[PDB]
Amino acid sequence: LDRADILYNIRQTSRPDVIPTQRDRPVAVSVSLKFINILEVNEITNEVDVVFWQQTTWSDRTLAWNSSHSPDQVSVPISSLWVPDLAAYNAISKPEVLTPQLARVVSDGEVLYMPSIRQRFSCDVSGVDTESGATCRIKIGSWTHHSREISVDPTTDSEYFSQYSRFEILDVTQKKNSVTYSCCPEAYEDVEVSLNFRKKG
């Protein structure tokens, strides 16, 4: 009926350890990085330290509620929620969470989680000081769940990029991938985010 009841009901029935696979078809996770800032770039070590928005979207029907005389959306801490086990495959630092750790939950079960991450990556810095800039690929996909459980998909440049960064974005491409691990035959999916940037001076 009210916000307190929904968050009470959500707290007590949300199964955070349980992926909401429905009729055993994959959970469609939509990940798009909104780049905000690029801090320290190294063309020698091929390392970048970047701040970006991880727009993450999925549906968890275990959260749904009747909206007749009730809020249309609530704000839920992700500790009381299932969050996809996303990992940046080429990160060389642990993701540093800048924002409060809440996701927005819609009454129909849609979940919107977008944390601020400061993280270091190993990618192609060659050409960052040149005219056409450097192209840095960041690969994000489920860490443990394969294609039958989590399906990751892009939304398809950033308008939220800080004008005061020493670097500037030229183009951002994010495409979907499908890989196979060298041990095990089922298929693990990732989204490929290509960051085209250069120095200003």
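Just so we're on the same page, rigid core means the largest C-alpha set that superposes within 1.5 Å between forms. Just count from 1 along the sequence shown to find any residue number.
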**Prompt:** Say the other structures are aligned on the rigid core; which stretch then has the higher CA RMS in 7 other deposited structures of this protein, 145-153 or 158-166?
**Reply:** 158-166
**Message:** To spell it out: superpose each other structure in 7 other deposited structures of this protein onto this one by the rigid core, compute Cα RMS over structures and residues for 124-132 and for 92-100. Which is larger?
**Reply:** 124-132
**Fill in**
Per the record, the count of deposited residues between residue 156 and residue 157 that have no coordinates is 4 to 9
**Prompt:** Averaged over C-alpha atoms, is the B-factor higher for 125-133 or for 93-101 in this PDB entry?
**Reply:** 125-133
**Prompt:** Averaged over C-alpha atoms, is the B-factor higher for 186-194 or for 9-17 in this PDB entry?
**Reply:** 186-194
**Message:** Highest recorded C-alpha temperature factor, please, choosing from 58, 143, 160, 53.
**Reply:** 160
**Asked** For residue 66, does the deposited CA B-factor place it in the lowest, middle or highest third of the chain?
**Response** middle
**Item:** Chain thirds of CA B-factor: placement of residue 46
**Value:** middle
**Request:** Going by the recorded CA B-factors, say which third of the chain residue 174 sits in, lowest, middle or highest.
**Result:** highest
**Prompt:** Taking the entry's C-alpha B-factors for this chain, is residue 72 in the lowest, middle or highest third?
**Reply:** highest
**Asked** Taking the entry's C-alpha B-factors for this chain, is residue 37 in the lowest, middle or highest third?
**Response** lowest
